[PDB]
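Chains as they are written, first to last, in this note's numbering: chain Z, 56 to 116; chain U, 281 to 504; chain V, 54 to 121; chain C, 47 to 108; chain P, 220 to 684; chain A, 497 to 548; chain B, 852 to 880.
C-beta atoms are modelled at their ideal positions from N, C-alpha and C, and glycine is treated no differently.
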Amino acid sequence: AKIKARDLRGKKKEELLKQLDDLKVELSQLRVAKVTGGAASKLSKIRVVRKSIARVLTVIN
Amino acid sequence: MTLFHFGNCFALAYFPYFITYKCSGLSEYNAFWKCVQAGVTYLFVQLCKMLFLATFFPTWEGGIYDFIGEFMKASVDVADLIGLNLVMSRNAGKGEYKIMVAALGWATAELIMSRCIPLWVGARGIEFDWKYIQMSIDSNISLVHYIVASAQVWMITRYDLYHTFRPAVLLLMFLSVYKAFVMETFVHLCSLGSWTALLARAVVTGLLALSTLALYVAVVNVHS
Amino acid sequence: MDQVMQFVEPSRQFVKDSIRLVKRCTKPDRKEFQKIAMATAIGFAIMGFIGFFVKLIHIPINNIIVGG
Amino acid sequence: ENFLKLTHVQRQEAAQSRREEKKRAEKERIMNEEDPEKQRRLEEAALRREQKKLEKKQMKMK
Amino acid sequence: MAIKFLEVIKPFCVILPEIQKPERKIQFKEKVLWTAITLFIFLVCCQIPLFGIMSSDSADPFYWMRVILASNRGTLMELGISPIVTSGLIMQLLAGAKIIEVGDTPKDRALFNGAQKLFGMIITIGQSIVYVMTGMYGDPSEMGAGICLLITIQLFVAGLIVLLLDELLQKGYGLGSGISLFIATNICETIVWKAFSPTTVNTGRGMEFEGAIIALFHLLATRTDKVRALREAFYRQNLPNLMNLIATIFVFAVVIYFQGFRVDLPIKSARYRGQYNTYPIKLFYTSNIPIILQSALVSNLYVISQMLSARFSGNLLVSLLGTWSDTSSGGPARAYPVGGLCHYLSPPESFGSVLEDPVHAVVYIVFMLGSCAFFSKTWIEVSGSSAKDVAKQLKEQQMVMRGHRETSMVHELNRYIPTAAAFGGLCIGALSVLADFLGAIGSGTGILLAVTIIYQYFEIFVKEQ
Amino acid sequence: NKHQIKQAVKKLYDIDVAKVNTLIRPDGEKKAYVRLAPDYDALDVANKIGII
Amino acid sequence: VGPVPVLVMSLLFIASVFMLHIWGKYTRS
């Protein structure tokens with residue numbers, strides 16, 4: 056689901072850090088899929104989640 | 281003669297749908313495949329409706345007109361509204377485009393399933409019956425009714441619809457769903473002739489269309 | 054109980070290995086499933102349609118040949 | 047030259063036929079080889095030659 | 220010091236007709252045309268009735284079996300593919316067991332293929348004679364020796380034609396395997412026919428359309444009680460139901476979903492940098508072959524049991540193998556095994572029968588799952604699809620797993636392929652049992668076979684394209 | 497550190513750790529051999545996370 | 852045997868079976 060920065064500004068600090076601590080696990084599982092060998096549908100989601108983490112940490116700061 | 285009468289009935293049933301499709305600009309949007317998808321959704325909903333009726337409702341053995349049965353059928357007609365909502369949500373575009381695509385596809389699918397086979401077999405028969413012409417007009421009334429229902433479902437599904445308008449929309453949807461049951465009960469009660477029944481259905485559909493159009497215009501202007 | 058253990062241990066290993074296989078299986082994406090289903094449906098429709106027509110054509114032929 | 051171009055299809059067909067005959071004769075000689083060890087060595091060489099041709103074709107296509 | 224079995228069969232092989240392999244690689248469109256022509260011929264043979272059958276309303280013991288075997292009763296395809304499947308099963312099992320050592324030489328391979336064909340033809344002759352002598356078409360004395368000989372010759376020629384058509388498709392004139400195409404077409408035709416048949420069957424109350432959809436429309440049009448007519452169409456006891464059709468559709472979707480399950484192993488070209496492929500180990504690694512082998516074995520057991528019961532009534536071994544009774548319970552006559560092993564092997568007709576005879580249902584389920592798993596494991600070893608063989612194929616294709624030597628690839632493949640085979644066979648058996656209990660039109664085995672065959676044909680089509 | 501690694505596998509994977517042996521590869525990255533407690537099974541905690 | 856001969860043999864067999872049915876009907880009638 057497209058994580059836009061607009062609907063991130065109303066949420067609470069811990070309702071943001073739970074999203075962060077979920078996206079980082081989705082990264083770890085994608086950097087694992089990359090080395091075990093996975094479908095490009097998964098490999099291409101790395102650029103999507105690294106930037107979702109970027110959006111989250113941006114709204115947090 | 282039989283072929284000429286069948287051709288006249290088929291033309292009367294089919295050409296209004298084509299005219300609506302061309303005039304509404306759906307052809308410009310290449311909506312034909314979306315209309316086909318809507319018709320497939322109609323077929324799925326009608327199959328689910330038949331399965332629901334058979335599974336949950338035993339046939340009443342009373343000879344007298346089955347008021348409960350007709351009321352139950354009208355209650356099941358809500359599934360058609362749910363299907364129209366699903367089609368509109370699936371289809372992207374302006375509200376008018378969604379309403380017209382849903383209404384046209386649903387009405388065309390109903391026309392094909394319910395009237396073409398009777399037109400093909402019956403209207404080609406030796407005996408002349410007004411019923412085939414009445415059914416061809418009834419398809420056009422159904423098309424208008426579906427346009428009204430789709431517009432009502434779109435209005436209710438609008439996030440911005442004011443609470444004051446919301447009860448009016450719900451009432452209009454209730455009347456649209458129960459229109460068939462009310463018309464059948466009224467025709468049975470008054471022993472109305474087939475032409476009078478068709479006229480009454482046309483009048484009721486026209487009044488529903490006018491009220492829905494007025495509410496739609498008010499809702500659009502309130503946000504314009 | 055040794056005979057029971059002898060039967061249970063291979064089955065227990067097989068269950069564990071089956072769980073491992075299922076865990077590593079990639080479940081089909083909805084788009085992949087839809088593509089496969091559409092292709093299979095087309096093949097089924099074509100073969101069933103051809104068979105149905107051939108049978109229908111033969112039935113009158115088979116009623117003249119055998120019926121009489 | 048124009049005539050040769052006109053006749054070009056016939057020459058390719060004849061060349062393909064002569065290769066089919068040569069390949070058929072090679073298979074027949076392999077079939078006719080009495081010694082199983084000789085037959086296996088010839089067959090393995092023929093298959094490997096085909097494999098080399100296939101790899102070369104795949105490299106040219108790439 | 221055993222004289223080679225292939226050498227013993229070599230003089231007979233010369234008489235066998237063998238299709239010449241194409242000198243030139245056939246164009247894809249031409250292959251499609253050949254496949255269509257062969258399928259059309261097969262369907263026509265499936266529809267042409269045998270000459271001289273006396274019209275006996277005798278029970279069909281094999282009705283479930285015929286759909287799997289692509290056989291139609293009273294037609295040139297009465298034997299269907301059963302002799303060819305049986306000969307393939309026997310010859311492959313003998314090779315796997317090493318009772319017959321097949322040399323790597325082409326002469327030995329050609330002899331092996333000829334022997335398998337010869338066994339198929341011998342089985343076809345034996346089965347045709349057996350069917351004529353068993354009275355399936357009427358009493359042999361009443362039919363007369365000339366008619367019995369004519370029927371036997373016709374069945375033999377039909378089987379030979381089917382065998383040649385299958386050889387033609389396998390040799391690369393057409394797409395895929397003729398046996399697979401014939402089975403898939405037969406199942407698809409049977410399901411479509413039951414769904415849309417316009418034939419009317421005179422049930423005692425009334426004339427009823429056989430086709431579930433046509434009957435539903437006719438009943439809805441003709442009956443004042445539309446809801447009751449719809450309910451009758453959904454739960455008809457004597458004819459294919461709409462509910463059965465829905466169950467078939469549900470099974471078909473479920474089977475496709477399970478078919479999609481795969482384990483992707485990352486493979487890289489060793490020679491060329493950056494080429495990433497996945498080697499898919501499918502959940503149904505062994506394909507429909509475990510089902511086909513199990514069904515062929517059960518079919519042969521039923522045929523032998525029915526012959527032994529017909530010819531040697533009251534012998535203890537015959538009763539143990541199977542006792543057959545023709546149950547005309549308000550339906551077309553069906554011969555059911557009421558005792559013996561065949562009874563346990565037979566599928567229960569309904570949940571009601573499962574409730575009445577729980578032991579039979581449990582034994583049938585256990586037998587189907589165990590046999591499918593066993594056949595899948597044996598098949599991988601016989602087929603040359605073992606992890607070692609796959610690794611050899613990858614080495615030949617110059618595909619190497621990243622960070623792993625070719626020897627390592629064998630170990631990694633050997634971790635998954637045996638488990639995948641056995642679990643897939645168990646899952647296939649479970650799906651078959653579930654579909655049979657659900658009463659899916661065309662049989663649970665048939666639906667599974669059709670779905671998987673269609674999927675493998677689609678994969679072949681995409682790969683060639 | 498070997499301490500940060502130990503306490504970072506005991507957070508992402510919830511597995512007590514026997515010892516950690518690090519080494520910096522010629523590539524530049526720091527490979528780390530983590531040896532699990534006696535009862536915990538590596539083959540079955542790599543089975544979980546994906547590598548198997 | 853060529854594929855075209857195999858097809859011809861199959862068609863001839865089918866035609867022969869039809870002819871046998873026709874002859875049987877004529878003999879019965």
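Nearest CA to the CA of residue i: which residue from the options?
i: residue 254/U; options: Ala318/U, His425/U and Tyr345/U; result: The requested residue 254/U is not part of the displayed model; chain U covers only 281 to 504.
i: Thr422/P; options: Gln456/P, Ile660/P and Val304/P; result: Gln456/P
i: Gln266/P; options: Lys248/P, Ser290/P and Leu535/P; result: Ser290/P
i: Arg243/P; options: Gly391/P, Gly589/P, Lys611/P and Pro567/P; result: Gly391/P
i: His630/P; options: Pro325/P, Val609/P and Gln311/P; result: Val609/P
i: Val286/P; options: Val411/P, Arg328/P and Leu439/P; result: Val411/P
i: residue 709/P; options: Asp444/P, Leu668/P, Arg634/P and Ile660/P; result: An answer regarding residue 709/P cannot be provided, because it is not within the stretch 220 to 684 covered by chain P.
i: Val852/B; options: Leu387/P, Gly589/P and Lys326/P; result: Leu387/P
i: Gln104/C; options: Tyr491/P, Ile319/P, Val573/P and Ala403/P; result: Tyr491/P
i: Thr91/Z; options: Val57/V, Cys78/V, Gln56/V and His111/V; result: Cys78/V
i: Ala377/P; options: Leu394/P, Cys264/P and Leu330/P; result: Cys264/P
i: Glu390/U; options: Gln414/U, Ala293/U, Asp409/U and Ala482/U; result: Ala293/U
i: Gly875/B; options: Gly322/P, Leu369/P and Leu464/P; result: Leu369/P
i: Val484/U; options: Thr465/U, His425/U and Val433/U; result: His425/U
i: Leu519/A; options: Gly546/A, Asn497/A and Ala533/A; result: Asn497/A
i: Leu516/P; options: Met628/P, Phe594/P and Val251/P; result: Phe594/P
i: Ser602/P; options: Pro241/P, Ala466/P, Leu225/P and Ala316/P; result: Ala316/P
i: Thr257/P; options: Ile318/P, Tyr495/P, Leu384/P and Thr353/P; result: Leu384/P
i: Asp276/P; options: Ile636/P, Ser590/P and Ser547/P; result: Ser547/P
Span of the beta strand (DSSP E) holding residue i?
i: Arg481/P; result: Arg481 to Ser488
i: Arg531/A; result: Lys526 to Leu532
i: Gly558/P; result: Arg553 to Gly558
i: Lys515/A; result: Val513 to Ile520
i: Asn116/Z; result: Element bounds for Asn116/Z: n/a, residue is neither H nor E.
i: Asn421/P; result: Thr419 to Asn421
i: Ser544/P; result: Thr542 to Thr546
With a Cβ-Cβ cutoff of 9 Å, do residue i and residue j count as a contact?
i: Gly663/P; j: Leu650/P; result: yes
i: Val104/Z; j: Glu81/Z; result: yes
i: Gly363/U; j: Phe324/U; result: yes
i: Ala460/U; j: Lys353/U; result: yes
i: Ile348/U; j: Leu384/U; result: no
i: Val381/P; j: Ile511/P; result: no
i: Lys445/P; j: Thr339/U; result: yes
i: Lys507/A; j: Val530/A; result: no
i: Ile475/P; j: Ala90/V; result: yes
i: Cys561/P; j: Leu540/P; result: yes
i: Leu235/P; j: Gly333/P; result: yes
i: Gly479/P; j: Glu85/V; result: yes
i: residue 753/P; j: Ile245/P; result: For chain P, the structure presents residues 220 to 684; residue 753/P sits outside this window and is missing.
i: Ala278/P; j: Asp483/P; result: no
i: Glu408/P; j: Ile103/V; result: yes
How far does the alpha helix (DSSP H) with residue i in it extend, from its first residue to its last?
i: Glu90/C; result: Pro82 to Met107
i: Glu237/P; result: That residue, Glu237/P, is in no alpha helix (DSSP H); it is neither H nor E in DSSP.
i: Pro499/P; result: From DSSP, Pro499/P is part of no alpha helix (DSSP H) but of the beta strand (DSSP E) over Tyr495 to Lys501.
Is the stretch 633 to 648 of chain P touching the stretch 498 to 506 of chain P, taking contact as three or more C-beta pairs under 8 Å?
-> yes
Run through the stretch 264 to 314 of chain P for me and flag every whole alpha helix (DSSP H) of 4 or more residues, listed as ranges in chain order.
-> 282 to 288
contact_flag[the stretch 299 to 308 of chain U, the stretch 374 to 385 of chain U] where n(CB pairs < 8 Å) is 3 or more = yes
Any chance the stretch 440 to 460 of chain U sits against the stretch 485 to 501 of chain U, with 3 or more Cβ pairs inside 8 Å?
-> yes
Spell out a yes or no on whether the stretch 384 to 397 of chain U and the stretch 93 to 104 of chain Z are touching, meaning 3 or more CB-CB pairs, one atom from each, closer than 8 Å.
-> no
Uninterrupted alpha helix (DSSP H) stretches inside the stretch 320 to 391 of chain U (no shorter than 4 residues) | 347 to 356, 358 to 370 and 375 to 391
Which whole runs of the beta strand (DSSP E) in the stretch 588 to 651 of chain P are 3 residues long or more, in chain order?
-> 618 to 620
Contact between the stretch 293 to 312 of chain P and the stretch 346 to 355 of chain P: three or more CB pairs below 8 Å?
-> yes
Length-filtered (3 minimum) beta strand (DSSP E) runs lying within the stretch 375 to 462 of chain P | 419 to 421 and 426 to 428
For the stretch 322 to 364 of chain P, list the alpha helix (DSSP H) runs that are entirely contained and at least 4 residues long, ordered along the chain.
-> 325 to 352 and 359 to 362
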